[PDB]
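K.L.:
Got a structure for you, questions after.
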Amino acid sequence: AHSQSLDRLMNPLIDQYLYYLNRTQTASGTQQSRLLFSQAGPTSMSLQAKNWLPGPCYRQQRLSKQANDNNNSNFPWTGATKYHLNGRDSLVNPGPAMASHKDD
Amino acid sequence: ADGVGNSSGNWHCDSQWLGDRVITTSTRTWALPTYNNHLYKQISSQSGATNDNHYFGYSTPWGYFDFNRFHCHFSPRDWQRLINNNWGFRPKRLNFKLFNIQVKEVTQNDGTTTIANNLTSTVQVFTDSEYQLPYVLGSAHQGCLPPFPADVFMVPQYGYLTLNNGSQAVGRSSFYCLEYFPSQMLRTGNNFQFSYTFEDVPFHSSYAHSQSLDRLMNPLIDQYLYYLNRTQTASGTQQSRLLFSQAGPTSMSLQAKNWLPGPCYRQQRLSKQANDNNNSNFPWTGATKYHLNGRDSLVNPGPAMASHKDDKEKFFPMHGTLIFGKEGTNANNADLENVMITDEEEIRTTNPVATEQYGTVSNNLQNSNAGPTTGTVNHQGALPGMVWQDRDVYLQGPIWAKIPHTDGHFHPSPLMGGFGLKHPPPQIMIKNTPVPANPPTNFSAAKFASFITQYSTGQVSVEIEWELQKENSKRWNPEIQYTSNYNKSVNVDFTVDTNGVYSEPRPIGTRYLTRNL
Amino acid sequence: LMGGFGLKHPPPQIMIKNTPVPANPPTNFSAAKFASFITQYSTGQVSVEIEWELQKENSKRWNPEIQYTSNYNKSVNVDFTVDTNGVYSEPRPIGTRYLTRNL
Ligand SMILES: Nc1ncnc2c1ncn2[C@H]1C[C@H](O)[C@@H](COP(=O)(O)O)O1
Ligand SMILES: Nc1ncnc2c1ncn2[C@H]1C[C@H](O)[C@@H](COP(=O)(O)O)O1
């Protein structure tokens, strides 16, 4: 298993030399359209430039193990994710590799 | 094996052109402080940060050397030679040296500082050959060798991130003690060296295409393949009928074609002219972003896509290009005039426009009763028969990145630019060996917090051998070249000013020479 | 036109400078360039050895030629010599043309 997230490969100490667009609007005074740029750094990591993208996704429905949390209706077939091949629907099972759940 | 009074190396900055290859050398002076009092410290995002910005990691006393920017290795003139005369270039092998090390001890008495040579003090250097440490190089951080040889730079501190949950740390979080790697210890008179050889990697494209992807046809000749010209009768009472025709010079858009444009993931469009853009704040809200483990992250700059369509120079995609600051620019809220926004325009011929949809698809099944409706595709993954160009490399910009070790990678070319490498040039780590201050005269098992304040300086050389791909073109008319403006000016471009400050006025891409598809 | 030997490949230029030595860097990384240097200078020794080729006088001239001579008369200072305060001085410019040849 990996010891790093894909978006965290950065050096947390050092600030980038590449600018990003911080503000599309003036900060103070009468609100006005203006373009403002900044170097992304330790404080905001989500904004930095990155070399890589996550793997491809084909989305799944989410179920809850705790009883009574899931919706009340029968949808294994109807609400599922499925591929349509030669006029026949078929479930995508288990499907492309995708993490089962997010943090916590 | 030299001693105090013998220089351990010489200054080599030159570049030499063999015409098959170019060998570019850069020698610079550096200064390494003592980071965070010789201590490994964990670092984590402050609580109250947004979910997306949390991190957990470790900051180390070690520094490191990064030459990963191009202008480290190329002068603006050497860059001009390359991009003008060549269709492609790739790195072959590099050679690295540290020499003329000096370790200075610093005392402070009242308001006066005193710096003196510590002749017996040591500096530690190891290269990570086996890629066992986190690799922070390809993230386009500051701290690379300066553009201009006469500058002295400060060695950046090494720290790394690992898994987190919120701001806390899951049990898989790795801690790496760099003091656990065999490292060479140097005094004044000792020098460090290693060699490296790049793995086979595709040449970068130094060319722009002379043809659009959809124009590869012979304009004179008519096809033998029919297409559907009319779904309805031309004259008289309108009636459903199917009519076919051979596509030809008059209508090119209708012809059969063998290839499709590269994959698109769409960008928002911004206008450089003030007051043309919407009035609201949407860098974060209206952006294009990927959602990974419950955290949103911008797609920046993103898949290579043309910046703008024909005759629309003013607009640029939001978060879709590399942006460089002009000299003296603030790191916070710089005006549009201060930044330098790069342009991908050369890739129009294949890649889609970053701000435009990929195309259109039909979302229903027609019949006599239900008219055909069609959906708009704003994102498209790879389809058989796609062709695309990679993003261009600039004079200042990433040379390489490390392809993450994973089960699968698709077209592993860094999205900022450059050469994707599975075994990138190793990380060179450096720190000042701790020197204690006077211990107590009675044994205490507590750890020393008392150290002699000191730093070290020295010289660093990087010699990379670049392989070139010559222009074979038969093009009759003159190609575009990168030229300096002839008109007079107060300052000369790519030159120091009156105050001694080196500045780069514009980003320079590598794509000038033209090839056919 | 000032004088001497026109050369297409004249003796090369010898350049010298003191390698910069930084002063104590900050303890937190900053990408700004160092303005803080240790003030220092260097001294040393320099030798220049040139080998000059000569062309001898072949003349048949009977009578004595002009030569460059020092004045015999007494003086407070001697020409081309330090003074009481240690200052070297050259009293007059000396051209090279004394010996005579025919056209
Ligand atoms: N930047 C980069 N690094 C590594 N591998 C890459 C890169 N870009 C593409 N590829 C892969 C996918 C290409 O079809 C193939 C060309 O390898 P060739 O050498 O041309 O035979 O290599
Ligand atoms: N100062 C100086 N440098 C170089 N060339 C000169 C100079 N003066 C004259 N010339 C040229 C023109 C002369 O006719 C010729 C004599 O070269 P000779 O060697 O005598 O055959 O060389």
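Residue numbers (the authors' numbering), protein chains in the order written: chain A, 424 to 527; chain G, 217 to 733; chain W, 631 to 733. The beta-carbon is built from N, C-alpha and C at its ideal position, and this holds for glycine as well.
#1: When you compare each of W:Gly633, W:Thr730, W:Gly634, W:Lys638 to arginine 691 of chain W by their alpha carbons, which one comes out closest?
#2: Mind listing the chain G neighbours of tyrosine 506 of chain A? Cutoff is C-beta to C-beta under 7 Å, in chain order.
#3: Is any non-hydrogen atom of ligand 1 found closer than 6 Å to the C-beta of residue 802 of chain G, if you look at the structure I gave you?
#4: Hey, is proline 640 of chain G close to ligand 1, as in C-beta under 6 Å from one of its heavy atoms?
#5: Tell me which same chain residues have a C-beta within less than 7 Å of the C-beta of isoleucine 668 of chain W, skipping the five on either side of it?
#6: Using the Cα positions of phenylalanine 531 of chain G and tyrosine 443 of chain A, report the straight-line distance between them to the nearest angstrom.
#7: Using DSSP's beta-bridge definition, name the partner residues of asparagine 594 of chain G.
#8: From the DSSP output, read off the bridge partner residues of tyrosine 506 of chain G.
#9: What are the residues that DSSP puts in a beta bridge with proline 652 of chain W?
#10: In terms of residues, what are the limits of the beta strand (DSSP E) holding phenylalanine 410 of chain G?
#11: Please report whether the beta-carbon of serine 487 of chain A lies at a distance below 7 Å from any beta-carbon of chain G.
#12: List the whole-angstrom C-beta distance separating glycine 536 of chain G from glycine 518 of chain G, where the pair is believed to meet the contact cut-off of C-beta under 8 Å.
#13: Please confirm if the region 291 to 310 of chain G is in contact with the region 677 to 684 of chain G, defined as three or more CB-CB distances below 8 Å between the two stretches.
#14: Determine, using beta carbons only, whether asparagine 732 of chain G and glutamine 427 of chain G come nearer to each other than 7 Å.
#15: Below 6 Å, is the gap between the Cβ of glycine 636 of chain W and the nearest heavy atom of ligand 2?
#16: I'd like to confirm something about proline 650 of chain W: is its beta-carbon nearer than 6 Å to some heavy atom of ligand 1, or not?
#17: Determine the closest residue to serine 275 of chain G out of G:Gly405, G:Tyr374, G:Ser496, G:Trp475, with distance taken between C-alpha atoms.
#18: Give me the chain G residues within the contact set of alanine 490 of chain A, using Cβ-Cβ distance strictly less than 9 Å, ordered along the chain.
#19: Is DSSP giving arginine 293 of chain G helix, strand or coil here?
#20: By how many angstroms is the C-alpha of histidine 625 of chain G removed from the C-alpha of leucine 441 of chain A?
#21: Kindly examine ligand 1 and report whether one of its heavy atoms sits closer than 6 Å to the Cβ of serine 411 of chain G.
#22: Could you check the C-alpha separation between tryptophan 246 of chain G and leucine 486 of chain A for me, to the nearest Å?
#23: Closest Cβ-Cβ distance between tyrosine 574 of chain G and chain A: below 7 Å?
#24: Given a cut-off of 7 Å on the beta-carbon distance, is the pair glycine 510 of chain G and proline 435 of chain A in contact?
#25: Anyone know if the C-beta pair for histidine 425 of chain G and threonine 565 of chain G falls short of 7 Å?
#26: May I ask whether a heavy atom of ligand 1 can be found less than 6 Å away from the beta carbon of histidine 627 of chain G?
#27: Within 7 Å of any Cβ in chain G, is that where the Cβ of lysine 663 of chain W sits?
#28: Pick out whichever of G:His595, G:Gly613, G:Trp295 has its Cα sitting closest to the Cα of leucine 361 of chain G.
#29: Please check if any C-beta of chain A sits within less than 7 Å of the C-beta of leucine 552 of chain G.
#30: Helix, strand or coil: which one does DSSP assign to residue 160 of chain G?
#31: Report the partner residues of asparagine 333 of chain G according to the DSSP bridge assignment.
#32: Report the three-state DSSP secondary structure of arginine 485 of chain A (helix, strand or coil).
#33: Please compile the residues from chain W whose C-beta is within a distance smaller than 9 Å of the C-beta of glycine 541 of chain G.
#34: Taking the alpha-carbon positions, what's the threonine 447 of chain A to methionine 556 of chain G distance?
P.N.:
Taking the coordinates as given:
#1: Sequence index remark: in the third sequence, residue 691 of chain W carries index 61 (1-based). Residue W:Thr730 is the option with its Cα nearest to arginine 691 of chain W.
#2: Residue 506 of chain A sits at position 83 when you count from the first residue of the first sequence. Those within 7 Å of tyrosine 506 of chain A in chain G number zero; the least Cβ separation is about 15 Å.
#3: This structure leaves residue 802 of chain G out entirely; chain G is present only between 217 and 733.
#4: Locating residue 640 of chain G in the second sequence gives position 424, where the first residue counts as 1. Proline 640 of chain G: no, Cβ never under 6 Å from ligand 1.
#5: On the third sequence, position 38 is the one that residue 668 of chain W refers to. Excluding residues up to 5 positions away in sequence, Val651, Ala653 lie with their Cβ nearer than 7 Å to the Cβ of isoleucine 668 of chain W in the same chain.
#6: Within the second sequence, numbered from 1, the residue matching residue 531 of chain G stands at position 315. Within the first sequence, numbered from 1, the residue matching residue 443 of chain A stands at position 20. For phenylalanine 531 of chain G and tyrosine 443 of chain A, the distance between alpha carbons rounds to 16 Å.
#7: By 1-based counting over the second sequence, the position of residue 594 of chain G is 378. Answer is none; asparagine 594 of chain G lacks a bridge partner.
#8: In the second sequence, counting from the first residue as 1, residue 506 of chain G sits at position 290. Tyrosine 506 of chain G is bridged to G:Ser513.
#9: In the third sequence, residue 652 of chain W corresponds to position 22, counting from 1. DSSP lists W:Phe667 as partners of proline 652 of chain W.
#10: Locating residue 410 of chain G in the second sequence gives position 194, where the first residue counts as 1. First-last of the beta strand (DSSP E) with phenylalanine 410 of chain G: 408 to 413.
#11: Within the first sequence, residue 487 of chain A is the residue found at index 64, counting from 1. For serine 487 of chain A, the answer is no, since every Cβ of chain G falls outside 7 Å of its Cβ.
#12: The sequence position of residue 536 of chain G within the second sequence is 320, counting from 1. The sequence position of residue 518 of chain G within the second sequence is 302, counting from 1. In this structure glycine 536 of chain G is in contact with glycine 518 of chain G, their Cβ atoms being roughly 6 Å apart against a cut-off of 8 Å.
#13: yes
#14: As a first step, residue 732 of chain G must be located in the second sequence, where it is residue number 516. As a first step, residue 427 of chain G must be located in the second sequence, where it is residue number 211. Against a cut-off of 7 Å, the Cβ pair of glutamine 427 of chain G and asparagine 732 of chain G comes out as a contact.
#15: On the third sequence, residue 636 of chain W is found 6 positions in, with the first residue counted as 1. Result yes, Cβ under 6 Å from ligand 2.
#16: Reading the third sequence from its first residue, position 20 is the one you call residue 650 of chain W. Incorrect: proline 650 of chain W has no Cβ contact closer than 6 Å to ligand 1.
#17: Mapped onto the second sequence, residue 275 of chain G falls at position 59. Of the listed residues, the one whose Cα sits closest to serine 275 of chain G is G:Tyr374.
#18: In the first sequence, counting from the first residue as 1, residue 490 of chain A sits at position 67. The premise fails here: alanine 490 of chain A is roughly 25 Å from chain G at the closest Cβ pair, so nothing lies under 9 Å.
#19: One-based indexing of the second sequence puts residue 293 of chain G at position 77. Looking at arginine 293 of chain G - three-state DSSP - the assignment turns out to be helix.
#20: By 1-based counting over the first sequence, the position of residue 441 of chain A is 18. By 1-based counting over the second sequence, the position of residue 625 of chain G is 409. Using only the alpha carbons, I get a separation of about 25 Å.
#21: Taking the first residue of the second sequence as 1, we reach residue 411 of chain G at position 195. False, no ligand heavy atom lies under 6 Å from that Cβ.
#22: Residue 246 of chain G sits at position 30 when you count from the first residue of the second sequence. Residue 486 of chain A sits at position 63 when you count from the first residue of the first sequence. Each residue's alpha carbon lies about 57 Å from the other.
#23: The residue given as residue 574 of chain G occupies position 358 in the second sequence. It does not; no Cβ of chain A falls within 7 Å.
#24: Against the second sequence, residue 510 of chain G aligns to sequence position 294. Against the first sequence, residue 435 of chain A aligns to sequence position 12. The answer is no: Cβ separation not under 7 Å.
#25: Along the second sequence, one-based indexing puts residue 425 of chain G at 209. Along the second sequence, one-based indexing puts residue 565 of chain G at 349. Their beta carbons are under 7 Å apart, which means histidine 425 of chain G touches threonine 565 of chain G by this criterion.
#26: Taking the second sequence and counting its residues from 1, one reaches residue 627 of chain G at position 411. It does: the Cβ of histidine 627 of chain G is within 6 Å (strictly closer) of some heavy atom of ligand 1.
#27: Locating residue 663 of chain W in the third sequence gives position 33, counting from the first residue. Put simply, the CB of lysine 663 of chain W is near chain G, with a gap under 7 Å to one of its CB atoms.
#28: Numbered from 1 along the second sequence, position 145 holds the residue referred to as residue 361 of chain G. Put simply, of G:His595, G:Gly613, G:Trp295 the residue whose alpha carbon is nearest the alpha carbon of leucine 361 of chain G is G:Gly613.
#29: Taking the first residue of the second sequence as 1, we reach residue 552 of chain G at position 336. Output row for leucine 552 of chain G: interface = yes.
#30: Residue 160 of chain G is absent from the model: chain G starts at 217 and stops at 733.
#31: Residue mapping note: residue 333 of chain G aligns to position 117 of the second sequence, counting from 1. Beta-bridge pairing links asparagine 333 of chain G to G:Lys320.
#32: Reading the first sequence from its first residue, position 62 is the one you call residue 485 of chain A. The DSSP-derived three-state label of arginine 485 of chain A is coil.
#33: As a first step, residue 541 of chain G is located in the second sequence; it is residue number 325 there, counting from the start. For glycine 541 of chain G, there are no C-beta contacts with chain W under 9 Å, since the nearest C-beta of that chain is about 11 Å from it.
#34: On the first sequence, residue 447 of chain A is found 24 positions in, with the first residue counted as 1. On the second sequence, residue 556 of chain G is found 340 positions in, with the first residue counted as 1. Straight-line Cα distance between these residues: approximately 17 Å.
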